[PDB]
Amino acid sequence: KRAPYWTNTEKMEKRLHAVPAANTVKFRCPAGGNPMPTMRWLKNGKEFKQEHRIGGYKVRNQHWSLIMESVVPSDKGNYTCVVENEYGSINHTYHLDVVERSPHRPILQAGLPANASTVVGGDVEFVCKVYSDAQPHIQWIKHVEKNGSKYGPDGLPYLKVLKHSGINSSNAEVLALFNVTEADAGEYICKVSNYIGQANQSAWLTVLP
């Protein structure tokens, strides 16, 4: 008559588990012991009842598992299993984190970039905070000139990309301008875009003579 003990301790080394919403989670605590130890589940200390999460859950006694279908964010928390027989009891807890993916074009923090002023020769930067689940591609565009003409034959402006995201830039969200020359004055556009869409906001640089 052995008090409860674990079967495959290997499959119980993971304390943290994450999944995007609407997916399925299966928690397990393979146990043995004589007589047959019972299994109980707690959610954040409190007893875990079927009436707790919409659609309850299923327990595979034969597998010592807890199964939650199409987890929702409210399913976030600690899940403690309690195995026991009259001669003793052991437990283990997993921390389930439910993630919610935001598949939209980026959205930028308002007010950034912010307008700036600087004595010719001074320094300045233009920040631009970004929110995007899908990897965002940042690019600082500015209006420039080509052969003394501010515009092209199609009537659209000539644009220059002062800095974009990539392997050479550890931080495209910031754009430092060192030794500001007078010609640096003007509008600095910040355009962030991901495979879904893009967004863009600007600021101004004024160089005091």
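Position 1 is the first residue in the sequence shown; the rest follow in order.
(request) With reference to the PDB entry, specify whether the mean Cα temperature factor is higher for 137-145 or for 54-62. (result) Per the PDB entry, the higher value belongs to 54-62.
(request) Averaging only over Cα atoms, indicate whether 21-29 or 186-194 has the higher B-factor in the PDB entry. (result) On average, C-alpha B-factors are higher across 21-29.
(request) Can you pull the Cα B-factors for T80, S117, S89, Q109 from the entry and say which is highest? (result) Largest recorded C-alpha B-factor: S89.
(message) Can you tell me which of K150, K163, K160, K46 has the maximum CA B-factor listed in the PDB entry?
(response) Each of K150, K163, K160, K46 was compared by C-alpha B-factor; the highest is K150.
(request) Ordered by C-alpha B-factor within the chain, which third holds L156? Give me lowest, middle or highest, please. (result) According to the entry, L156 has a C-alpha B-factor in the chain's lowest third.
(request) Grab the CA temperature factor for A203 from the record and place it in the lowest, middle or highest third of its chain. (result) For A203, whose C-alpha B-factor we compare with every modelled residue in the chain, the answer is the lowest third.
(message) Looking at the temperature factor on the CA atom of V180, which third of the chain's modelled residues does it land in?
(response) Its C-alpha B-factor belongs to the middle third of this chain's values.
(message) Is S132 in the lowest, middle or highest third of its chain when residues are ranked by C-alpha B-factor?
(response) According to the entry, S132 has a C-alpha B-factor in the chain's lowest third.
(message) What third of the chain does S74 rank in for C-alpha temperature factor, lowest, middle or highest?
(response) Within its chain, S74 is a lowest-third residue by C-alpha B-factor, going by the deposited values.
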